[PDB]
Amino acid sequence: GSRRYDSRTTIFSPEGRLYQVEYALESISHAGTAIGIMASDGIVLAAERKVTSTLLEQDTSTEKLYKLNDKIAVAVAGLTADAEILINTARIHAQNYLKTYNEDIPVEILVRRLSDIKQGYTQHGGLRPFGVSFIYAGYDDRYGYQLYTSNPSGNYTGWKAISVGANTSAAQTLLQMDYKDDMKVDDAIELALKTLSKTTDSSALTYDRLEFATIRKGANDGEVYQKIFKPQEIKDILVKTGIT
Amino acid sequence: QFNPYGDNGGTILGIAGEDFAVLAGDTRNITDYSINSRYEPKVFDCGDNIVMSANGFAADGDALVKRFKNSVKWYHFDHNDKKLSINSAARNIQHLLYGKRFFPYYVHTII
Amino acid sequence: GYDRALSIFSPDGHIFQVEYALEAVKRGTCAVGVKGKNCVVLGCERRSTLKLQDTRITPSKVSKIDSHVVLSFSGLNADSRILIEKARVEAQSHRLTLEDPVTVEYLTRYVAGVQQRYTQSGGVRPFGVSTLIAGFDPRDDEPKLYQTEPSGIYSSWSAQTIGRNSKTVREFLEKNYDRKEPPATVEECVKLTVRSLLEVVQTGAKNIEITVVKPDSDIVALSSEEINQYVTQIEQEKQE
Amino acid sequence: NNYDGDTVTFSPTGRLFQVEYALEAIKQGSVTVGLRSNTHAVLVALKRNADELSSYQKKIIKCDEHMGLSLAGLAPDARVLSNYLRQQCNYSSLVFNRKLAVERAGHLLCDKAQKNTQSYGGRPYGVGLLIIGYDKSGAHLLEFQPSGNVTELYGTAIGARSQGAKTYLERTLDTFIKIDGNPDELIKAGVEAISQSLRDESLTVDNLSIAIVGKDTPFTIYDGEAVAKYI
Amino acid sequence: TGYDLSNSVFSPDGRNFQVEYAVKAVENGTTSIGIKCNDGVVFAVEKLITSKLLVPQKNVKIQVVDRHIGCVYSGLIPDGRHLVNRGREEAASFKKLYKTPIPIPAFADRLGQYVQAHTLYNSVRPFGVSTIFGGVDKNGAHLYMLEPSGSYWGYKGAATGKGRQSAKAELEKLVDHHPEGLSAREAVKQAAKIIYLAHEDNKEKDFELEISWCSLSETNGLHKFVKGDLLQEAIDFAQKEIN
Amino acid sequence: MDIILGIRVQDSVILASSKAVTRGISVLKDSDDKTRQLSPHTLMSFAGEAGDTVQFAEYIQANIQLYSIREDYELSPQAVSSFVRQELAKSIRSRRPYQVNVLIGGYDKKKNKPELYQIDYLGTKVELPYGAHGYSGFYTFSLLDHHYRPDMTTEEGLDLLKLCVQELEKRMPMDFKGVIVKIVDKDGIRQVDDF
Amino acid sequence: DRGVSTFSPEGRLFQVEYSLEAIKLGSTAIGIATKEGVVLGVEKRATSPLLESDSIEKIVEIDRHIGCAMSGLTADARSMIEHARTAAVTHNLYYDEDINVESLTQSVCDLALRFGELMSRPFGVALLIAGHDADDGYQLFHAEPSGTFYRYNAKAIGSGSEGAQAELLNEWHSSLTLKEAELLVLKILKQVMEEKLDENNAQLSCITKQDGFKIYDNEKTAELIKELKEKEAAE
Amino acid sequence: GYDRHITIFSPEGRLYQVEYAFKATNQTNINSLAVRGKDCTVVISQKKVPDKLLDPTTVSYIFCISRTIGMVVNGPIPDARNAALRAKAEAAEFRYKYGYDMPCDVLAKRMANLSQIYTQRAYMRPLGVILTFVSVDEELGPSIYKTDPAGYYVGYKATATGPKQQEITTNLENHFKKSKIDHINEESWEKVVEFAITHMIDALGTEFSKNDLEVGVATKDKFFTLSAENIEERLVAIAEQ
Amino acid sequence: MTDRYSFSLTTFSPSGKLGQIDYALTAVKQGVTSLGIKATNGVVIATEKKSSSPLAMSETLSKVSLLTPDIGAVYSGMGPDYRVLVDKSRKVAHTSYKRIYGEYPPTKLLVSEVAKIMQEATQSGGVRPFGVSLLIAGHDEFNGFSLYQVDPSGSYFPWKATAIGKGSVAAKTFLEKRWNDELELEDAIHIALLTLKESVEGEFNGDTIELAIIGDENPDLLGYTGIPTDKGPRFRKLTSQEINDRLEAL
Ligand SMILES: [Mg+2]
Ligand SMILES: [Mg+2]
């Protein structure tokens with residue numbers, strides 16, 4: 001019958017790896033680089049759009065950076081359509097928690113459930129895994145500012161600074177060299193932009209090839225603000241850190 | 001309004017001696033003030049030296065006996081023709097009866 | 001629904017998907033359990049290439065299943081979360097119906113049953129995880145340590161190790177663990193657990209996690225400095 | 001070859017290889033014989049043991065007071081098919097107060113077997129059955145193959161080396177079909193038939209299995225010391 | 001290649017090879033025929049006597065559907081039984097909702113659609129039978145033959161199985177000698193004759209003859225098996241005609 | 001079963017619950033504890049239909065204990081009360097609803113405050129300085145309306161509780177057999193053995 | 001690939017034959033039926049010396065009058081044992097009696113072929129089921145993943161089964177006492193085991209009508225091992 | 001190469017099973033033609049009964065889908081009858097749900113959608129048939145809509161299907177270049193049937209007897225087929241031209 | 001029966017490619033050119049009507065479809081796949097938006113629902129991806145005019161102007177030379193007609209070209225009067241004559 005055409009998406013290789021997870025990770029290694037950096041007073045997410053065109057409408061464009069709620073954002077590396085499926089699931093999950101407990105969802109709890117959904121696709125059902133790696137940036141009143149990543153295996157880990165997509169090996173070396181614990185948000189902004197500048201496969205890093213966002217305590221005391229940067233605001237911060 | 005029960009009268013009687021037992025019953029079957037039959041047997045040989053009567057609403061009584069007789073047959077099939085002891089029969093009938101706990105067989109049973 | 005028999009027999013009588021699940025366990029970071037006279041210590045390796053990691057928030061390798069039992073593992077991290085969640089639910093369910101917390105053997109038997117089930121159900125692959133489950137039964141001071149594997153067999157151990165280079169550290173435990181005289185204290189037990197990992201690890205830094213469990217729901221994870229004190233003591237003692 | 005992967009595939013010459021492979025398990029099974037007169041129907045079977053410490057596997061299974069069968073091949077598949085028969089015999093008695101005709105039992109087995117030869121995921125049954133019975137039209141003997149084909153016969157045999165017994169019954173037909181009102185002479189004829197399938201091994205007390213059904217004879221099985229009479 | 005390993009796959013020339021292989025099972029079977037007459041239909045089949053041990057008259061192949069339809073088939077016998085069971089459900093359901101017994105053209109399409117359904121998926125195999133069937137309804141007599149593809153047409157006469165070529169040639173001569181019509185009684189005799197002629201292509205073992213008929217005048221539009229004297233008379237006519 | 005009271009003072013929540021269990025014409029038990037510890041700093045008392053009270057309370061206790069293990073963290077009393085209210089609001093439109101009224105007393109260690117929530121069986125939640133379920137509120141609310149102060153100590157809360165229990169013992173038709181009193185504060189939950 | 005329910009050209013189910021190969025790799029189990037009871041014994045085979053061998057549980061109670069030993073993929077046995085216990089207890093509930101040993105075995109064997117694309121594969125474990133009932137006395141059965149079960153006077157399964165069965169074929173006779181059977185199980189396990197047999201790497205059990213199913217202490221077995229080396233020394 | 005066995009894309013973005021289904025369409029070696037008049041729609045198809053044992057009245061590839069809609073099929077009869085039964089069910093259900101007769105173009109779209117699904121879901125094969133639906137629609141007037149195994153459909157002035165379709169197509173093209181209109185300018189369907197037969201004769205280069213054709217006609221509120229006698233009447237009239 | 005294809009037919013290859021999506025895009029490459037251009041006061045979408053037979057009536061086959069009163073779509077690739085996406089697109093606009101908020105969805109959210117439908121054909125059991133790329137043009141009160149491209153993978157991008165299909169590489173280059181942020185709708189239409197001529201070798205007129213706009217509200221196309229705040233559809237299909245009138249000024 002149909003058994004003939006089944007690729008068996010959820011089996012081990014003789015070395016004990018999941019082929020489809022490995023191949024999904026190979027797909028992600030060609031996507032635009034996304035970087036996350038955590039400071040004591042905020043978080044930075046910065047991501048490279050994959051070689052754009054001059055006719056693309058950038059201000060209404062969103063391919064890398066998404067809002068999950070008022071306190072949690074994600075940077076995406078992989079198939080955007082796969083990512084949107086997961087993002088909407090995560091948005092609903094956050095709202096269910098708020099409805100149940102009357103408290104905003106703690107960051108790890110949102111991350112765990114999304115990673116469990118990905119894990120499920122590697123173990124049962126015979127469907128292809130999601131070709132997506134996430135960087136989660138968020139705040140809650142237990143751990144403060146937090147960075148996590150998840151990938152198609154549904155494994156997640158926490159970071160002071162991390163990258164996903166293209167050139168993560170080079171990016172991770174550069175982050176390790178310059179990162180320090182007492183670092184502030186404005187220092188992390190410069191670090192993220194400079195790391196992308198050195199690792200990019202493009203001729204030069206310009207405002208039109210970027211998405212940028214911060215999560216800051218910047219407001220009226222003990223309250224957290226998510227700023228997704230408009231194209232002109234990315235252009236300014238590129239001049240202000242001497243990259244263009 | 002449909003009432004799924006009736007009453008067919010009749011009286012049954014079981015007595016145990018030292019090395020024997022008897023099960024007796026009248027053969028009249030009735031509804032209200034009418035006689036349906038002057039000879040409608042009510043006590044049955046079910047095999048394995050067991051006799052049974054399920055008295056009251058005769059449709060339920062017949063259904064139960066039928067199910068128990070069938071249970072003796074399958075007891076032989078499933079357990080290499082072992083004889084069904086009277087204590088084992090009694091316990092089996094409890095499950096046949098309690099299985100319809102929320103829509104009972106309207107009978108008083110004696111084996 | 002997806003129904004395919006992924007775990008099946010091959011001509012030599014082996015189930016390859018279960019054996020390949022074992023290969024995944026071999027690639028996992030090393031884990032070790034040693035039971036003292038009135039304690040159990042679970043030690044875990046953390047990889048050396050993960051700096052810039054935030055240790056405040058990153059998933060710890062030793063998990064409380066209830067207040068008196070812990071679980072560690074080697075293999076796929078994502079797979080282990082599914083086993084830990086089920087174990088946590090079963091432990092609360094056990095307290096709800098029996099009015100008593102699970103024994104360590106009961107909890108182990110539950111997890112291993114779940115592991116076995118996934119080796120002969122349609123449409124699923126086995127777990128790429130082996131576990132060490134340690135703790136104390138309610139109102140009992142005898143320490144317990146069990147091991148489970150992808151196939152679903154489980155058993156009790158005086159001391160055991162799983163994951164990469166476990167052959168080496170099992171070798172060490174087999175010639176340093178005396179059954180007639182188990183580690184008599186918490187200090188002694190931890191030291192033997194750290195000694196065994198220094199055979200395989202690299203640095204006594206954030207590369208070693210240690211969780212101690214004592215009778216009557218007394219479980220605590222050691223800090224870097226406390227663990228580092230043990231490493232310093234062991235280096236100096238090996239100068240002859 | 002390229003066409004024997006499953007039951008749902010014809011070969012280029014119109015064969016069903018999984019069904020033919022199921023027929024092969026019947027050929028490896030121990031021999032069993034059936035034959036009938038106008039008053040009685042008889043089964044005889046050679047039972048097989050694992051070694052000298054083991055029991056001899058039972059070949060004969062009762063389906064009702066008036067019907068039963070013997071098997072050759074996968075014994076668990078006989079258990080499944082005889083159970084279905086038992087329920088069908090039982091349904092007929094409970095609902096219609098009617099003893100299931102042997103011919104009807106044959107049709108019901110055929111249709112049940114056939115469903116597993118035309119759908120993906122299934123496999124054919126790996127057992128052959130000889131059904132005997134006595135109903136409103138007298139004695140009957142049926143042969144069932146897991147291809148679905150059921151045949152009514154005076155006598156037959158299935159299992160390894162059954163061609164000897166089959167040849168013998170074909171030569172003896174005119175004589176045994178007339179053994180009426182003499183159950184013992186009909187059985188002796190069946191034991192003669194099965195002896196033509198023996199090579200090296202011979203009939204012993206825990207080797208031989210015999211069953212009979214007839215005019216005033218409920219389906220009954222004889223094993224052990226109850227068959228000594230015929231050795 | 002590999003276009004023939006799985007049902008419902010089109011080959012590069014638009015064929016379904018699994019259905020063509022199912023036809024091989026049909027061609028391997030015994031000969032069956034149907035003859036249409038003035039007010040009815042006649043069916044006949046060759047039954048190979050494998051061994052003397054087969055009880056004569058007791059392995060009936062021709063099957064009835066409802067009270068007015070006869071069916072016969074060649075190929076895998078169990079597939080035929082499966083198809084007739086489905087036909088009986090279709091006839092009962094029609095009768096239940098519409099009161100009138102199912103007309104023959106209506107019945108033909110019910111079987112046709114069900115046989116065609118088994119050429120649509122790889123999870124089933126095609127039927128390994130060709131079925132000849134018909135009967136009498138409110139519009140008179142109808143005779144049909146249905147292939148493993150699900151294809152069916154109406155017929156003046158029909159044949160299938162191993163001796164189909166001889167039978168077809170023989171049926172065509174019948175239609176020529178008797179152009180204004182054939183009675184139900186000559187049709188019974190002619191069916192015996194044709195099965196006997198068709199049995200030369202299977203001369204190995206000898207055989208048993210089975211005949212059935214539905215006729216307005218002769219059976220009141222009900223399906224009946226030809227038995228006893230009328231069958232013996234048909235056997236004689238056949239014997240006399242071959243020599 | 002019958003009476004449950006709660007009062008939040010300066011630094012603690014005091015819960016008092018009657019001890020009688022009464023079936024028909026017989027008092028079956030005079031030492032029943034109508035409470036479950038949900039977490040180290042959260043206590044739930046309950047009253048309502050028989051069987052359902054304890055079944056509901058233990059089901060809640062199991063879920064909060066499951067949460068605590070999974071996150072290695074104690075949910076705030078506000079979060080527990082919202083979870084409990086949702087279960088009751090879910091239940092009121094079930095085939096057979098839980099007929100249970102509860103008081104939840106907790107000390108919020110993050111805010112350093114005691115908190116008292118009253119939730120009826122429909123899922124009607126309110127945060128109050130003092131609360132009660134059933135007929136007990138008809139006698140005790142006016143006492144508490146008079147005497148209660150927000151800066152009261154634990155000892156003052158217990159004396160105010162004595163007035164309430166005395167009024168109930170005087171005017172209530174039923175013999176509820178005294179109360180078990182429990183205090184929830186920063187150090188956890190403890191039982192006042194002499195009341 | 002191919003279907004899980006495929007017949008080979010010789011008329012055998014591939015998966016069932018392959019599961020029999022996994023059973024050949026199992027540790028040895030021996031059973032011996034006498035008129036005074038049935039003895040069940042097994043090789044424990046701890047894979048490392050730090051494994052606490054009394055946690056190796058290859059002999060199992062099904063009911064007071066029925067015990068069972070296993071060999072092969074022993075994790076597969078747990079759901080079979082669970083079914084057996086439920087079948088024995090359920091029978092007692094429906095019938096106020098003990099269930100026959102053969103009916104219990106048949107119930108376990110009905111699970112065997114319920115695999116396909118039901119469970120995904122056959123069981124990779126064989127059982128020896130020993131017990132007593134009033135109609136047929138003391139009984140030993142060999143339950144296989146083919147769904148077939150044979151009654152035996154004596155039977156060995158697992159890796160040492162070829163050599164052990166040859167030995168049982170000589171030693172078994174209808175008048176064996178229970179004590180003689182115990183010694184005989186120890187002797188034959190001693191022969192086929194790789195390591196030297198002691199009270200920690202082998203285990204005994206039995207079922208008698210009077211006392212039901214018992215797993216022997218290590219001290220009770222230790223005494224029986226000493227008794228056996230003394231028997232062999234005397235000629 | 002198992003991309004050739006089910007409806008998934010080949011490396012060149014083709015669906016081979018759909019293409020092979022288009023080839024099954026010609027297996028019967030019948031040619032059909034449809035044209036529109038002022039007040040009617042006519043379809044003609046060749047009829048071939050090679051076997052003398054067949055009842056020729058049951059040999060047909062024209063179907064009465066509803067009282068207003070007719071359908072001619074090019075392809076094997078089993079797939080044709082499958083399509084016909086479904087279309088009958090769809091047309092009747094539409095009338096029940098929406099209270100008016102299902103239009104010809106709307107049925108065509110519906111049947112094309114089912115066919116699209118067979119090109120996208122693996123478990124279903126395409127039907128190896130082309131379906132030409134005709135009617136006189138109460139809104140659109142005379143209508144011809146044709147559906148194929150790719151799930152494609154469109155309306156036609158006139159159309160032709162079968163192995164010798166191109167011969168007929170170019171013949172029809174050359175006629176509408178002369179006339180410069182969308183239809184056959186004629187009152188009676190009889191003369192439109194005569195036009196259709198005339199132009200099939202001239203394009204195929206063959207003569208037809210009354211048993212060589214089958215004819216369907218759609219007029220306002222009914223579609224019907226012609227008997228062999230009605231066709232003979234039509235053939236006679238052509239001969240006198 | 002039963003659909004027993006409960007497994008994915010699109011899977012990752014060792015290089016990380018999803019083969020079926022790549023092949024679907026190849027089907028789109030071979031399709032007839034379509035394009036869209038955004039102006040200050042409207043949007044235009046256009047494509048060639050590549051008629052299959054001269055006997056076919058090409059106005060019975062629309063490549064440009066109204067999805068909502070202010071949203072339209074065009075495609076390149078497989079037509080039948082497009083036709084069923086339009087059915088589902090029209091329906092999801094009602095079930096997941098209009099029946100909830102009592103108003104039509106904004107362009108980006110309808111595009112998002114179509115995208116989801118297309119993503120699912122790439123992961124769900126027993127299906128292949130859709131062999132089309134869509135251009136979806138629309139207007140809504142709070143976002144103004146917009147133009148989106150949706151691909152077989154489910155990805156979608158906002159464009160100032162773009163082309164898809166056969167001659168898309170040259171057409172995109174042609175559009176980059178001509179586009180600016182001050183274009184009025186009539187200029188955008190004129191550029192749309194110029195761009196499309198480059199890819200049409202045959203006849204080029206109001207009967208071979210299909211063109212639609214999102215522009216001003218058309219109160220004449222509303223069907224009723226009385227409710228002053230209902231002002232009519234912004235979607236409008238240009239007639240054959242309207243296109244011919246603009247080809248003389250070309
Ligand atoms: Mg309230
Ligand atoms: Mg398909």
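Whatever order the structure lists ligands and atoms in, that order sets their numbers, starting from 1. Just so you know, these numbers use all the heavy atoms, side chains as well, and skip hydrogens, waters and symmetry mates. In what follows, every chain begins at residue 1, and chains take the letters A, B, ... in the order their sequences are listed.
- Contacts of H:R14 classified as side chain to side chain donor-acceptor pair (under 3.5 Å), with partners at least two apart in sequence or in another chain: H:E19.
- Ionic pairing of G:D1 and A:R4 is not present here: no N-O contact between side-chain nitrogen and carboxylate oxygen is shorter than 4.0 angstrom.
- Of the inter-residue distances, the one linking F:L5 atom CG with F:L15 atom CG reads 9.0 Å to the nearest 0.5 angstrom.
- A donor atom on one side chain and an acceptor atom on the other are not found under 3.5 Å apart for C:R4 and I:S6.
- Here F:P114 pairs with F:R8, F:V13, F:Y107 under the side chain to side chain contact (heavy atoms under 4.5 Å, CB included) rule; sequence neighbours left out.
- Distances under 2.8 Å from the Mg ion (ligand 2) pick out the protein N/O/S atoms H:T7 OG1, H:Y118 O, H:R121 O, H:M124 O.
- Residues satisfying the salt bridge (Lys or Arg N to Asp or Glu O under 4.0 Å) test with A:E103, not counting sequence neighbours, are none.
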